[PDB]
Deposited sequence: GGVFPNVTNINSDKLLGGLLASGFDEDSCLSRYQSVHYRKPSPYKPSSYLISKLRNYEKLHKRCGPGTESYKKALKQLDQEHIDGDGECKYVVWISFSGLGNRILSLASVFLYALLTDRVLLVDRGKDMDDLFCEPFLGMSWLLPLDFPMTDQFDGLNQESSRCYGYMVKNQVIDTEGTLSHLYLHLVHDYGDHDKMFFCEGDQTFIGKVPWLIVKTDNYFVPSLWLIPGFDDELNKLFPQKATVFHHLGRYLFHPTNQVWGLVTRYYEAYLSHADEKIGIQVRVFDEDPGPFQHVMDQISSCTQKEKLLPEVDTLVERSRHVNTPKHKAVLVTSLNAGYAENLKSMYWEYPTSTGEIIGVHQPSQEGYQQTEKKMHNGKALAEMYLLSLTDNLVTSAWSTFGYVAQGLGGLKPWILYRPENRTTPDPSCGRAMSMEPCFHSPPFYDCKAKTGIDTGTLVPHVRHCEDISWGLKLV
């Protein structure tokens, strides 16, 4: 039932310690995407595993002694910007599900300040004494237990491997995405991953993983919408930022439009070419109305997020200064202008996720997280060139999924390059960044 997201969440968490977990319902349209029964059982079974093998259990103490050389593990290193961390952690989780491993999370500076516990009865956090923690900063493509390094140097009983899956990775790190190397990695009890990518799409190209993924996800472009909603619930101090903003500014409207504005440029602007992009997109797509210089009205709330407030200022000044062609009543709202940090950034992604129709910015993982949690197939503001308003200014995404920006392009069987975006109908080149891949 609705608190549990059609069965995706388990009941029995203590409510006061993570209010947001089951108070989604009061702020959110129910999602039209039903998790499959298979997936539900995958998630209930994972909780069982994570309980038996989790941090602090006897089995975890037993498995830990294998670091000097019936439970296996993958560890995520807190690394990169928040949006990356969300995506990448979700990917690692899917990985864990596909390899019968326990997920442990490096809490970094902030992870448990931002997210509640997602696994009933046992913490997902990596213990603070974990032997290898001090190495995490230093782990890279040239480390001795780097899988890519070992393959390159043709080395090959491993108790642990580092898996370098950062965007800068290479031909050898990429072999992670091949069946045969998966077969070998399969036997290693401790995996340590550093990554900044939503690498989910290339898992669908790995035989055996394909069959399971088809079953878990009959609707293939719901991977981040289900797993993201399962894993990420914001803590009480983040959720207060959401509820307070939503209550004060947002909850009167017949309709909500999200506009997620990321401008990848070392000058904060604001830029007139992007202002014009945003008013062309919202108008040409009938997301917001035109204004004039000469039923009964709906109220639309425009939620703008950006580092700079100039975009929201413009929209605000336009709908203030001029009547709408439609008679519609438009209000424009932006929460911050950042130029608690991480907490505001998360809240804003969750407030985006609450909108009825979302505009995103090309290449931005902030937009990916918001679209995904909300189950929103967005309109993507294309990445400009030469400070000119792209024409067309935006277009509808193929699907609500996040883009894998740095995928491998290798046919593991033939052992030769290949464009892995043109192999199956459900894995395609991204709308924003044509190099990448996403599920459709």
Inset, instruction - Any chance you could give me the deposited-sequence numbering of all the stretches lacking C-alphas? - result: 1 to 11, 81 to 87, 175 to 178, 317 to 323, 369 to 375
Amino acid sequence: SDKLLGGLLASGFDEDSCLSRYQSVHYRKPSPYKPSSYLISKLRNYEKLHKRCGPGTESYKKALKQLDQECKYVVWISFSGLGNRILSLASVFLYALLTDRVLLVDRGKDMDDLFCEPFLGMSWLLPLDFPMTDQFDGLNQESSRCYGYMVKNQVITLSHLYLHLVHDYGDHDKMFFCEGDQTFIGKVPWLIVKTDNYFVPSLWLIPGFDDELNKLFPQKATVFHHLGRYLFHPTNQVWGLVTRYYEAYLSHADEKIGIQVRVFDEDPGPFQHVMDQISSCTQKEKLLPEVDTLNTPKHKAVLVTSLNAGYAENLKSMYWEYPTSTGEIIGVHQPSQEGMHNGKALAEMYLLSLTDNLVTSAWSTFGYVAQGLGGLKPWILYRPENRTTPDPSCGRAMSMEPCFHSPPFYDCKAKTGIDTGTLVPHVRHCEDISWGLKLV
From here on, numbers count along this sequence of modelled residues.
Legend entry - Across other compared entries, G339 missing in at least a third: yes
Inset, instruction - State whether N197, though modelled here, is left unmodelled in a third or more of the other entries compared. - result: no
Legend entry - Residue stretch of maximal mean CA temperature factor, 428 to 436 vs 9 to 17: 9 to 17
Inset, instruction - State which stretch shows the higher mean Cα B factor in the entry: 311 to 319 or 182 to 190. - result: 182 to 190
Inset, instruction - Would you mind finding, among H405, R44, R396, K62, the residue with the largest C-alpha temperature factor in the entry? - result: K62
Legend entry - Out of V105, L97, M349, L158, highest CA B-factor residue: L158
Legend entry - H273, C-alpha B-factor rank within chain (lowest, middle or highest third): highest
Inset, instruction - Could you say whether, by C-alpha temperature factor, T388 belongs to the lowest, middle or highest third of its chain? - result: highest
Inset, instruction - Grab the CA temperature factor for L213 from the record and place it in the lowest, middle or highest third of its chain. - result: middle
Legend entry - Assigned third (lowest, middle, highest) for the C-alpha B factor of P378: lowest
Inset, instruction - Determine, from the deposited record, the chain-internal third of the Cα B-factor for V242: lowest, middle or highest. - result: lowest
